[PDB]
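Text of input38.cif, listed as mmCIF, C-alpha atoms:
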data_work
#
loop_
_atom_site.group_PDB
_atom_site.id
_atom_site.type_symbol
_atom_site.label_atom_id
_atom_site.label_comp_id
_atom_site.auth_asym_id
_atom_site.auth_seq_id
_atom_site.Cartn_x
_atom_site.Cartn_y
_atom_site.Cartn_z
ATOM 1 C CA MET E 1 62.530 -246.384 -142.368
ATOM 2 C CA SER E 2 64.010 -244.252 -145.181
ATOM 3 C CA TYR E 3 63.596 -241.206 -147.428
ATOM 4 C CA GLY E 4 65.124 -239.405 -150.397
ATOM 5 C CA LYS E 5 64.746 -238.108 -153.947
ATOM 6 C CA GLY E 6 63.582 -239.831 -157.157
ATOM 7 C CA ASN E 7 63.562 -238.787 -160.843
ATOM 8 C CA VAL E 8 66.785 -236.799 -160.420
ATOM 9 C CA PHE E 9 67.737 -236.302 -164.075
ATOM 10 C CA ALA E 10 71.321 -235.199 -164.674
ATOM 11 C CA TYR E 11 72.991 -234.665 -168.067
ATOM 12 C CA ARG E 12 76.777 -234.174 -168.322
ATOM 13 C CA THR E 13 78.579 -232.965 -171.452
ATOM 14 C CA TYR E 14 82.261 -233.874 -171.997
ATOM 15 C CA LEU E 15 82.707 -236.443 -169.230
ATOM 16 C CA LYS E 16 86.134 -238.139 -169.239
ATOM 17 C CA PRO E 17 86.183 -240.669 -172.136
ATOM 18 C CA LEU E 18 86.226 -244.402 -171.328
ATOM 19 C CA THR E 19 89.351 -245.631 -173.167
ATOM 20 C CA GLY E 20 91.747 -248.591 -172.989
ATOM 21 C CA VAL E 21 88.978 -251.180 -172.461
ATOM 22 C CA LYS E 22 89.545 -254.914 -173.027
ATOM 23 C CA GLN E 23 87.827 -255.807 -176.317
ATOM 24 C CA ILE E 24 86.126 -259.183 -176.832
ATOM 25 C CA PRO E 25 85.567 -261.017 -180.164
ATOM 26 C CA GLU E 26 81.737 -260.860 -179.897
ATOM 27 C CA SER E 27 81.495 -257.020 -179.653
ATOM 28 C CA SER E 28 82.954 -254.052 -181.551
ATOM 29 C CA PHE E 29 82.838 -251.999 -178.292
ATOM 30 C CA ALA E 30 86.166 -250.144 -177.974
ATOM 31 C CA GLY E 31 85.223 -247.557 -175.305
ATOM 32 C CA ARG E 32 82.934 -244.534 -174.945
ATOM 33 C CA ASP E 33 83.673 -240.945 -176.025
ATOM 34 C CA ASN E 34 81.246 -239.769 -173.268
ATOM 35 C CA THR E 35 80.561 -236.532 -175.213
ATOM 36 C CA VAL E 36 77.060 -236.456 -173.725
ATOM 37 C CA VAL E 37 75.897 -238.653 -170.844
ATOM 38 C CA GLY E 38 72.471 -238.791 -169.193
ATOM 39 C CA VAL E 39 71.573 -240.506 -165.934
ATOM 40 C CA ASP E 40 68.416 -240.843 -163.855
ATOM 41 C CA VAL E 41 69.305 -240.999 -160.165
ATOM 42 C CA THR E 42 67.132 -242.388 -157.389
ATOM 43 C CA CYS E 43 68.554 -241.702 -153.899
ATOM 44 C CA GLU E 44 67.350 -243.380 -150.680
ATOM 45 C CA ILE E 45 68.904 -242.810 -147.221
ATOM 46 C CA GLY E 46 68.170 -244.619 -143.924
ATOM 47 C CA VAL E 47 64.009 -229.236 -147.231
ATOM 48 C CA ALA E 48 66.564 -232.091 -146.966
ATOM 49 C CA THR E 49 65.516 -233.876 -150.207
ATOM 50 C CA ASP E 50 66.230 -230.715 -152.259
ATOM 51 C CA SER E 51 69.786 -230.733 -150.845
ATOM 52 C CA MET E 52 70.098 -234.376 -151.993
ATOM 53 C CA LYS E 53 69.067 -233.346 -155.531
ATOM 54 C CA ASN E 54 71.582 -230.478 -155.607
ATOM 55 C CA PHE E 55 74.271 -232.716 -154.030
ATOM 56 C CA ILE E 56 73.817 -235.350 -156.769
ATOM 57 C CA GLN E 57 73.795 -232.792 -159.609
ATOM 58 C CA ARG E 58 76.879 -230.792 -158.591
ATOM 59 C CA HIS E 59 78.769 -234.045 -157.871
ATOM 60 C CA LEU E 60 78.142 -235.089 -161.504
ATOM 61 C CA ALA E 61 79.976 -231.832 -162.390
ATOM 62 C CA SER E 62 82.981 -232.516 -160.097
ATOM 63 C CA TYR E 63 83.155 -236.285 -160.891
ATOM 64 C CA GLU E 64 86.346 -237.074 -162.869
ATOM 65 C CA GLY E 65 85.698 -240.768 -163.716
ATOM 66 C CA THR E 66 84.361 -242.486 -166.850
ATOM 67 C CA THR E 67 81.351 -244.540 -165.632
ATOM 68 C CA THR E 68 77.939 -244.338 -163.956
ATOM 69 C CA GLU E 69 79.125 -247.118 -161.587
ATOM 70 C CA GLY E 70 81.999 -244.896 -160.392
ATOM 71 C CA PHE E 71 79.725 -241.838 -160.188
ATOM 72 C CA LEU E 72 77.403 -243.684 -157.779
ATOM 73 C CA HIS E 73 80.420 -244.838 -155.704
ATOM 74 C CA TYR E 74 81.651 -241.218 -155.590
ATOM 75 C CA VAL E 75 78.220 -239.879 -154.538
ATOM 76 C CA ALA E 76 77.694 -242.727 -152.007
ATOM 77 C CA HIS E 77 81.042 -242.113 -150.260
ATOM 78 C CA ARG E 78 80.616 -238.315 -150.252
ATOM 79 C CA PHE E 79 77.058 -238.566 -148.818
ATOM 80 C CA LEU E 80 78.237 -240.778 -145.934
ATOM 81 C CA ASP E 81 81.380 -238.666 -145.314
ATOM 82 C CA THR E 82 79.493 -235.298 -145.180
ATOM 83 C CA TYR E 83 76.223 -236.325 -143.402
ATOM 84 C CA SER E 84 76.866 -237.868 -139.953
ATOM 85 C CA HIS E 85 73.359 -239.090 -139.006
ATOM 86 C CA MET E 86 73.028 -241.033 -142.287
ATOM 87 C CA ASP E 87 73.856 -244.742 -141.765
ATOM 88 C CA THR E 88 72.618 -246.375 -145.017
ATOM 89 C CA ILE E 89 72.379 -245.220 -148.650
ATOM 90 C CA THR E 90 70.936 -246.930 -151.747
ATOM 91 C CA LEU E 91 71.705 -245.300 -155.107
ATOM 92 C CA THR E 92 70.157 -246.287 -158.443
ATOM 93 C CA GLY E 93 71.513 -244.882 -161.726
ATOM 94 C CA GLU E 94 69.546 -245.395 -164.961
ATOM 95 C CA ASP E 95 71.441 -244.542 -168.161
ATOM 96 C CA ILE E 96 69.783 -242.317 -170.742
ATOM 97 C CA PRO E 97 71.620 -243.749 -173.772
ATOM 98 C CA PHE E 98 72.850 -241.379 -176.490
ATOM 99 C CA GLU E 99 73.776 -242.763 -179.932
ATOM 100 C CA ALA E 100 75.950 -240.780 -182.383
ATOM 101 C CA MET E 101 74.281 -240.014 -185.735
ATOM 102 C CA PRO E 102 75.689 -239.876 -189.298
ATOM 103 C CA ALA E 103 77.391 -236.757 -190.712
ATOM 104 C CA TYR E 104 78.360 -235.951 -194.318
ATOM 105 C CA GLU E 105 81.563 -233.865 -194.194
ATOM 106 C CA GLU E 106 84.305 -233.361 -196.852
ATOM 107 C CA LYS E 107 82.420 -235.658 -199.293
ATOM 108 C CA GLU E 108 82.698 -238.559 -196.780
ATOM 109 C CA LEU E 109 79.966 -240.222 -194.682
ATOM 110 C CA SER E 110 81.150 -240.528 -191.054
ATOM 111 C CA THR E 111 79.880 -240.656 -187.453
ATOM 112 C CA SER E 112 79.128 -237.284 -185.819
ATOM 113 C CA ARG E 113 80.804 -236.137 -182.601
ATOM 114 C CA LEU E 114 78.042 -233.492 -182.183
ATOM 115 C CA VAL E 115 74.587 -234.904 -183.110
ATOM 116 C CA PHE E 116 73.177 -237.727 -180.942
ATOM 117 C CA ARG E 117 69.896 -239.655 -180.853
ATOM 118 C CA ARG E 118 68.310 -240.057 -177.404
ATOM 119 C CA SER E 119 67.618 -243.817 -177.386
ATOM 120 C CA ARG E 120 64.531 -245.515 -175.924
ATOM 121 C CA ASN E 121 65.767 -249.099 -176.636
ATOM 122 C CA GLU E 122 67.839 -251.122 -174.088
ATOM 123 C CA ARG E 123 69.618 -249.126 -171.369
ATOM 124 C CA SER E 124 72.146 -249.845 -168.635
ATOM 125 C CA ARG E 125 71.288 -249.453 -164.950
ATOM 126 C CA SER E 126 73.507 -249.599 -161.852
ATOM 127 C CA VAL E 127 72.548 -250.098 -158.202
ATOM 128 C CA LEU E 128 74.868 -249.436 -155.256
ATOM 129 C CA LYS E 129 74.118 -249.943 -151.563
ATOM 130 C CA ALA E 130 76.632 -248.724 -148.940
ATOM 131 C CA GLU E 131 76.577 -248.804 -145.109
ATOM 132 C CA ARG E 132 78.443 -247.269 -142.168
ATOM 133 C CA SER E 133 80.274 -249.991 -140.170
ATOM 134 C CA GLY E 134 81.889 -248.811 -137.976
ATOM 135 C CA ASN E 135 84.631 -246.354 -138.844
ATOM 136 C CA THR E 136 84.783 -247.516 -142.509
ATOM 137 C CA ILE E 137 82.274 -247.544 -145.398
ATOM 138 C CA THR E 138 81.205 -251.035 -146.570
ATOM 139 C CA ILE E 139 79.458 -251.939 -149.853
ATOM 140 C CA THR E 140 76.448 -254.189 -149.051
ATOM 141 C CA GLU E 141 75.134 -254.582 -152.620
ATOM 142 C CA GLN E 142 76.447 -253.680 -156.069
ATOM 143 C CA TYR E 143 75.397 -254.730 -159.564
ATOM 144 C CA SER E 144 75.148 -253.346 -163.074
ATOM 145 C CA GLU E 145 72.436 -254.301 -165.497
ATOM 146 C CA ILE E 146 71.214 -254.047 -169.076
ATOM 147 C CA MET E 147 67.437 -253.619 -169.178
ATOM 148 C CA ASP E 148 64.642 -253.956 -171.720
ATOM 149 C CA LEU E 149 66.597 -255.883 -174.380
ATOM 150 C CA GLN E 150 63.905 -257.021 -176.836
ATOM 151 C CA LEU E 151 65.147 -259.694 -179.278
ATOM 152 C CA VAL E 152 63.227 -261.706 -181.902
ATOM 153 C CA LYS E 153 64.806 -264.651 -183.774
ATOM 154 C CA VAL E 154 63.236 -265.798 -187.067
ATOM 155 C CA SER E 155 63.548 -269.551 -187.791
ATOM 156 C CA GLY E 156 65.609 -269.338 -191.009
ATOM 157 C CA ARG E 157 57.430 -270.002 -184.385
ATOM 158 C CA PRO E 158 59.902 -267.082 -183.972
ATOM 159 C CA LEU E 159 61.040 -266.704 -180.344
ATOM 160 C CA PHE E 160 60.610 -263.126 -179.038
ATOM 161 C CA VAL E 161 62.212 -262.510 -175.609
ATOM 162 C CA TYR E 162 62.638 -259.474 -173.360
ATOM 163 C CA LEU E 163 65.839 -259.754 -171.285
ATOM 164 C CA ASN E 164 67.119 -257.903 -168.250
ATOM 165 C CA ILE E 165 70.684 -259.112 -167.510
ATOM 166 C CA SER E 166 72.615 -258.243 -164.311
ATOM 167 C CA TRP E 167 76.166 -258.956 -163.133
ATOM 168 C CA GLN E 168 78.164 -258.693 -159.892
ATOM 169 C CA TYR E 169 81.939 -258.211 -159.732
ATOM 170 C CA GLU E 170 84.186 -260.297 -157.472
ATOM 171 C CA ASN E 171 86.244 -257.128 -156.944
ATOM 172 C CA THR E 172 83.936 -254.136 -156.477
ATOM 173 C CA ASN E 173 86.596 -251.608 -157.673
ATOM 174 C CA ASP E 174 86.604 -253.281 -161.134
ATOM 175 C CA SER E 175 83.103 -251.822 -161.638
ATOM 176 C CA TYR E 176 84.328 -248.169 -161.817
ATOM 177 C CA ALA E 177 86.675 -248.626 -164.841
ATOM 178 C CA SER E 178 89.659 -246.855 -163.227
ATOM 179 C CA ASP E 179 91.585 -249.817 -164.569
ATOM 180 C CA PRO E 180 89.492 -249.907 -167.791
ATOM 181 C CA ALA E 181 90.580 -253.466 -168.778
ATOM 182 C CA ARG E 182 88.662 -254.905 -165.770
ATOM 183 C CA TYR E 183 85.368 -253.108 -166.607
ATOM 184 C CA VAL E 184 82.402 -255.062 -168.009
ATOM 185 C CA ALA E 185 80.512 -252.771 -170.396
ATOM 186 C CA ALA E 186 76.764 -253.242 -170.945
ATOM 187 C CA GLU E 187 77.480 -252.896 -174.700
ATOM 188 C CA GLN E 188 79.597 -256.089 -174.640
ATOM 189 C CA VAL E 189 77.079 -258.042 -172.494
ATOM 190 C CA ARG E 190 74.348 -256.958 -174.935
ATOM 191 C CA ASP E 191 76.276 -258.102 -178.041
ATOM 192 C CA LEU E 192 77.292 -261.360 -176.313
ATOM 193 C CA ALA E 193 73.586 -262.002 -175.665
ATOM 194 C CA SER E 194 72.761 -261.660 -179.396
ATOM 195 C CA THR E 195 75.766 -263.742 -180.646
ATOM 196 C CA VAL E 196 74.576 -266.526 -178.365
ATOM 197 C CA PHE E 197 70.895 -267.022 -179.404
ATOM 198 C CA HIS E 198 71.918 -266.567 -183.045
ATOM 199 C CA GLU E 199 74.183 -269.634 -182.891
ATOM 200 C CA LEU E 200 71.957 -271.834 -180.681
ATOM 201 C CA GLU E 201 69.548 -273.957 -182.749
ATOM 202 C CA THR E 202 65.854 -273.653 -181.736
ATOM 203 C CA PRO E 203 66.691 -273.153 -178.029
ATOM 204 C CA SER E 204 64.371 -272.910 -175.015
ATOM 205 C CA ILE E 205 64.404 -269.750 -172.859
ATOM 206 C CA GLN E 206 66.037 -271.402 -169.782
ATOM 207 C CA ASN E 207 68.643 -272.960 -172.108
ATOM 208 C CA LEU E 208 69.150 -269.629 -173.928
ATOM 209 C CA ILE E 209 69.754 -267.623 -170.726
ATOM 210 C CA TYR E 210 71.957 -270.422 -169.293
ATOM 211 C CA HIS E 211 74.240 -270.253 -172.364
ATOM 212 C CA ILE E 212 74.339 -266.406 -172.291
ATOM 213 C CA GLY E 213 75.313 -266.496 -168.591
ATOM 214 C CA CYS E 214 78.087 -269.080 -168.992
ATOM 215 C CA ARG E 215 79.478 -267.197 -172.013
ATOM 216 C CA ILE E 216 79.534 -263.875 -170.092
ATOM 217 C CA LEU E 217 81.319 -265.580 -167.162
ATOM 218 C CA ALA E 218 83.803 -267.230 -169.557
ATOM 219 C CA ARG E 219 84.539 -263.919 -171.305
ATOM 220 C CA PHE E 220 84.690 -261.952 -168.001
ATOM 221 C CA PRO E 221 86.438 -263.855 -165.135
ATOM 222 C CA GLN E 222 86.051 -260.674 -162.971
ATOM 223 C CA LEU E 223 82.349 -261.560 -162.531
ATOM 224 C CA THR E 224 80.995 -263.848 -159.791
ATOM 225 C CA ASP E 225 77.494 -264.374 -161.231
ATOM 226 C CA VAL E 226 75.079 -263.217 -163.953
ATOM 227 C CA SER E 227 71.317 -262.914 -163.261
ATOM 228 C CA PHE E 228 68.461 -262.901 -165.774
ATOM 229 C CA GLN E 229 64.880 -261.681 -165.751
ATOM 230 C CA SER E 230 63.365 -262.926 -169.028
ATOM 231 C CA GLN E 231 59.898 -262.505 -170.615
ATOM 232 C CA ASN E 232 58.323 -264.528 -173.461
ATOM 233 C CA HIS E 233 56.340 -262.361 -175.922
ATOM 234 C CA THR E 234 56.157 -264.742 -178.911
ATOM 235 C CA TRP E 235 53.502 -263.831 -181.515
ATOM 236 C CA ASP E 236 50.382 -265.747 -182.546
ATOM 237 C CA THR E 237 50.299 -267.224 -186.065
ATOM 238 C CA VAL E 238 47.381 -266.127 -188.268
ATOM 239 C CA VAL E 239 48.525 -267.376 -191.722
ATOM 240 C CA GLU E 240 50.555 -270.615 -191.495
ATOM 241 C CA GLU E 241 51.187 -271.110 -195.250
ATOM 242 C CA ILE E 242 51.908 -268.556 -198.015
ATOM 243 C CA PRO E 243 52.066 -269.797 -201.659
ATOM 244 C CA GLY E 244 55.466 -269.038 -203.228
ATOM 245 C CA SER E 245 56.941 -267.312 -200.174
ATOM 246 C CA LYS E 246 58.992 -268.878 -197.383
ATOM 247 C CA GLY E 247 57.334 -266.822 -194.607
ATOM 248 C CA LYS E 248 54.248 -266.483 -192.412
ATOM 249 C CA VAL E 249 52.015 -263.731 -190.994
ATOM 250 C CA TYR E 250 51.678 -263.251 -187.215
ATOM 251 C CA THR E 251 49.875 -260.895 -184.826
ATOM 252 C CA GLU E 252 50.113 -259.520 -181.291
ATOM 253 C CA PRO E 253 49.065 -262.059 -178.628
ATOM 254 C CA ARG E 254 46.934 -261.554 -175.519
ATOM 255 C CA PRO E 255 48.721 -259.809 -172.562
ATOM 256 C CA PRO E 256 49.804 -262.884 -170.545
ATOM 257 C CA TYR E 257 53.559 -263.626 -170.718
ATOM 258 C CA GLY E 258 55.797 -266.358 -169.311
ATOM 259 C CA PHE E 259 58.818 -265.229 -167.280
ATOM 260 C CA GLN E 260 61.917 -266.715 -165.631
ATOM 261 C CA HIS E 261 64.360 -265.567 -162.946
ATOM 262 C CA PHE E 262 67.701 -267.424 -162.965
ATOM 263 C CA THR E 263 71.316 -266.671 -162.017
ATOM 264 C CA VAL E 264 74.322 -268.490 -163.509
ATOM 265 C CA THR E 265 77.102 -268.575 -160.875
ATOM 266 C CA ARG E 266 80.876 -269.216 -161.196
ATOM 267 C CA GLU E 267 80.604 -272.912 -160.214
ATOM 268 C CA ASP E 268 77.987 -273.495 -162.966
ATOM 269 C CA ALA E 269 80.464 -272.490 -165.739
#

Would you encode the structure as C-alpha cells?
Amino acid sequence: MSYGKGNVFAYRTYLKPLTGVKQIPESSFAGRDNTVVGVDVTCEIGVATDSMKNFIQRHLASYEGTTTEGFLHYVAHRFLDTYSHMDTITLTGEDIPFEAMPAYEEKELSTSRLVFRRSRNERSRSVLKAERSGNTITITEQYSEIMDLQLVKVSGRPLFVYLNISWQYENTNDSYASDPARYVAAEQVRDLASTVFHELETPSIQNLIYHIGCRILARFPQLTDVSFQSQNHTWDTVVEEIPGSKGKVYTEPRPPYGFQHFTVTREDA
C-alpha cells in the first residue's frame, strides 16, 4: 500500500556548481556549471499529495548541494523527519538535460552561459529508497542511471544499440558529490560507453556491455556493480552493393527487438 505525486517538474536556476571532480582519460567532463537544472520527480510514500508537490519544489529552492542524487537524499530525509506516520519513501529523479549553445561575442566564437538547448537525447535518472528503522533512517535502495543512449557503429551490418546503464556505490554518501572526487557523473559513464564499442572489433551485445561494465568498474573503484538494459535495433539492408562507393543503403526494420539484462559486479572485473 502506497501513494504520492508523479510528474512533479521542478526547474532550478543557479544551483551550486559541481566543481573539483575527478577527471578520467575517456571523458572531457570537468564538472557542471548548473546554471539551469531541470528534474522530474516521482514521489511514493508507504489534499496530502499537493503538500508533497509543494514540499519537493520548495526543497529544490533551499537545497545547497550540486547533484540530483543529493537533492533526493535531502528530500527523503526531510520527508521522514517531518511526517511521523510515513515509514517508507521511494523517490525517482529524472534529469531534464540542458546543453549550452554557441555565442559570438567580441569577434570570438565561445560557449554561452545564458542560452541552453533542452535536450531530448540520453538523460540521467536517480532512484532512492529510504526506510524508518527504528530510530535512524536507512537507505534500502540507491542507484543512478543513464537512460536512452542510442548508439550506431558503422563497420569502417552496423550495430545499433539502445543502452540504459545503472550503477550502485559501495559508499552511499559518494553519490551526492559533497566530496566531488568520489562522484560518478553520467557524462563520464556515457563517454566511457562510446570509447569502448569504438575500440572493440565487431563485438556482440553481451560482450559489448560486459566490456563497458568492467571498464566503468576499473575507472571507478567506488562502484560495487554496473547494470545494463540493452536493446538491438539494427537496420535491414536493402541495397547490399553500390558501384564506386564503399557504403550500403538500409531501412527501418519491423518492431521486434532483442534485449538483454546483465550486471557486471566487482568480482567479475

Spell out the residues picked by the PyMOL selection byres ((chain E and resi 162) around 6) here, as a ChimeraX atom specification. /E:149-150,161,163,230-231

With a distance cut-off of 10 Å and only C-alpha atoms, select the neighbouring residues of range 200-207 of chain E, excluding the residue or stretch itself and same-chain residues fewer than 5 positions from it, and output the selection as a JSON list (two decimals) with C-alpha atoms, in the coordinates of the input.
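See result.json below for the written result:
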[["chain", "number", "residue", "atom", "x", "y", "z"],
["E", 153, "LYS", "CA", 64.81, -264.65, -183.77],
["E", 154, "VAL", "CA", 63.24, -265.80, -187.07],
["E", 155, "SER", "CA", 63.55, -269.55, -187.79],
["E", 157, "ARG", "CA", 57.43, -270.00, -184.38],
["E", 158, "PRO", "CA", 59.90, -267.08, -183.97],
["E", 159, "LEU", "CA", 61.04, -266.70, -180.34],
["E", 160, "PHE", "CA", 60.61, -263.13, -179.04],
["E", 161, "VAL", "CA", 62.21, -262.51, -175.61],
["E", 195, "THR", "CA", 75.77, -263.74, -180.65],
["E", 212, "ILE", "CA", 74.34, -266.41, -172.29],
["E", 213, "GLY", "CA", 75.31, -266.50, -168.59],
["E", 228, "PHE", "CA", 68.46, -262.90, -165.77],
["E", 230, "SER", "CA", 63.36, -262.93, -169.03],
["E", 231, "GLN", "CA", 59.90, -262.50, -170.62],
["E", 232, "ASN", "CA", 58.32, -264.53, -173.46],
["E", 258, "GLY", "CA", 55.80, -266.36, -169.31],
["E", 259, "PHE", "CA", 58.82, -265.23, -167.28],
["E", 260, "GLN", "CA", 61.92, -266.71, -165.63],
["E", 261, "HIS", "CA", 64.36, -265.57, -162.95],
["E", 262, "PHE", "CA", 67.70, -267.42, -162.96]]

What residues come out when you apply the PyMOL selection byres ((chain E and resi 39) around 10) to this file, written as a list in words?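 This file gives the following for the PyMOL selection byres ((chain E and resi 39) around 10): residues 7, 8, 9, 10, 11, 12, 37, 38, 40, 41, 42, 60, 68, 92, 93, 94, 95, 96, 97, 124 and 125 of chain E.
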
Rounded to one decimal place, report the CA of residue 58 in chain E-CA of residue 177 in chain E distance in Å. 21.3 Å

Counting all atoms listed in the file, what is within 12 Å of residue 217 in chain E, bar same-chain residues fewer than 5 positions away, as number ranges by chain? E: 166-170, 184, 189, 192, 210-212, 222-227, 263-269

Would you output that residue set with C-alpha atoms, as a PDB file, in the frame of the given file?
ATOM      1  CA  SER E 166      72.615-258.243-164.311  1.00  0.00           C
ATOM      2  CA  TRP E 167      76.166-258.956-163.133  1.00  0.00           C
ATOM      3  CA  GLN E 168      78.164-258.693-159.892  1.00  0.00           C
ATOM      4  CA  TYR E 169      81.939-258.211-159.732  1.00  0.00           C
ATOM      5  CA  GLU E 170      84.186-260.297-157.472  1.00  0.00           C
ATOM      6  CA  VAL E 184      82.402-255.062-168.009  1.00  0.00           C
ATOM      7  CA  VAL E 189      77.079-258.042-172.494  1.00  0.00           C
ATOM      8  CA  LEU E 192      77.292-261.360-176.313  1.00  0.00           C
ATOM      9  CA  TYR E 210      71.957-270.422-169.293  1.00  0.00           C
ATOM     10  CA  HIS E 211      74.240-270.253-172.364  1.00  0.00           C
ATOM     11  CA  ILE E 212      74.339-266.406-172.291  1.00  0.00           C
ATOM     12  CA  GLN E 222      86.051-260.674-162.971  1.00  0.00           C
ATOM     13  CA  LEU E 223      82.349-261.560-162.531  1.00  0.00           C
ATOM     14  CA  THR E 224      80.995-263.848-159.791  1.00  0.00           C
ATOM     15  CA  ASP E 225      77.494-264.374-161.231  1.00  0.00           C
ATOM     16  CA  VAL E 226      75.079-263.217-163.953  1.00  0.00           C
ATOM     17  CA  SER E 227      71.317-262.914-163.261  1.00  0.00           C
ATOM     18  CA  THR E 263      71.316-266.671-162.017  1.00  0.00           C
ATOM     19  CA  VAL E 264      74.322-268.490-163.509  1.00  0.00           C
ATOM     20  CA  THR E 265      77.102-268.575-160.875  1.00  0.00           C
ATOM     21  CA  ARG E 266      80.876-269.216-161.196  1.00  0.00           C
ATOM     22  CA  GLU E 267      80.604-272.912-160.214  1.00  0.00           C
ATOM     23  CA  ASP E 268      77.987-273.495-162.966  1.00  0.00           C
ATOM     24  CA  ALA E 269      80.464-272.490-165.739  1.00  0.00           C
TER      25      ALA E 269
END

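Once the PyMOL selection byres ((chain E and resi 117) around 9) is applied to the shown structure, the selection contains residues 97, 98, 99, 100, 101, 115, 116, 118 and 119 of chain E.
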
Near-residue 219 in chain E list (8 Å; all atoms listed in the file; drop same-chain fewer than 3 positions) as an MDAnalysis selection string: chainID E and resid 24 215:216

Separation of CA of residue 185 in chain E from CA of residue 26 in chain E, in Å and rounded to one decimal: 12.5 Å

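Considering only C-alpha atoms, the residue among E:35, E:136, E:2, E:229 positioned nearest to residue 77 in chain E is E:136.
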
Compile the contact shell of residue 23 in chain E as a VMD selection string: residues with an atom at most 10 Å away, counting all atoms listed in the file, same-chain residues fewer than 5 positions apart removed. chain E and resid 28 to 31 181 184 to 185 188

One number please: CA of residue 220 in chain E to CA of residue 131 in chain E, in Å, one decimal.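 Going from CA of residue 220 in chain E over to CA of residue 131 in chain E covers 27.6 Å.
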
Return as lines of an AutoDock Vina configuration file the centre and edge lengths, in Å with one decimal, of the box along x, y and z that encloses every atom of range 23-26 of chain E in the file, padded by 5 Å per side.
center_x = 84.8
center_y = -258.4
center_z = -178.2
size_x = 16.1
size_y = 15.2
size_z = 13.8

Do you know which residues are at most 12 Å from residue 133 in chain E counting all atoms listed in the file, after dropping those on the same chain fewer than 2 positions away, and could you put them as a PDB file with C-alpha atoms, in the coordinates of the input?
ATOM      1  CA  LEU E  80      78.237-240.778-145.934  1.00  0.00           C
ATOM      2  CA  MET E  86      73.028-241.033-142.287  1.00  0.00           C
ATOM      3  CA  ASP E  87      73.856-244.742-141.765  1.00  0.00           C
ATOM      4  CA  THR E  88      72.618-246.375-145.017  1.00  0.00           C
ATOM      5  CA  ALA E 130      76.632-248.724-148.940  1.00  0.00           C
ATOM      6  CA  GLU E 131      76.577-248.804-145.109  1.00  0.00           C
ATOM      7  CA  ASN E 135      84.631-246.354-138.844  1.00  0.00           C
ATOM      8  CA  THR E 136      84.783-247.516-142.509  1.00  0.00           C
ATOM      9  CA  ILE E 137      82.274-247.544-145.398  1.00  0.00           C
ATOM     10  CA  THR E 138      81.205-251.035-146.570  1.00  0.00           C
ATOM     11  CA  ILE E 139      79.458-251.939-149.853  1.00  0.00           C
ATOM     12  CA  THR E 140      76.448-254.189-149.051  1.00  0.00           C
TER      13      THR E 140
END

Measuring atom to atom with all atoms listed in the file, identify which of E:152, E:147, E:209, E:75 is nearest to residue 54 in chain E.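 Of E:152, E:147, E:209, E:75, the one nearest residue 54 in chain E, counting all atoms listed in the file, is E:75.
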
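Minimum distance to residue 82 in chain E across E:1, E:52, E:146, E:47 (counting only C-alpha atoms) occurs at E:52.
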
Take the point (66.6, -250.3, -174.5) as written in the file and pick out every residue within 7 Å of it, counting all atoms listed in the file; give the list as a PyMOL selection string. chain E and resi 120-123+147-149

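Among the candidates E:156, E:110, E:73, E:180, the residue lying nearest to residue 17 in chain E is E:180 (atoms considered: all atoms listed in the file).
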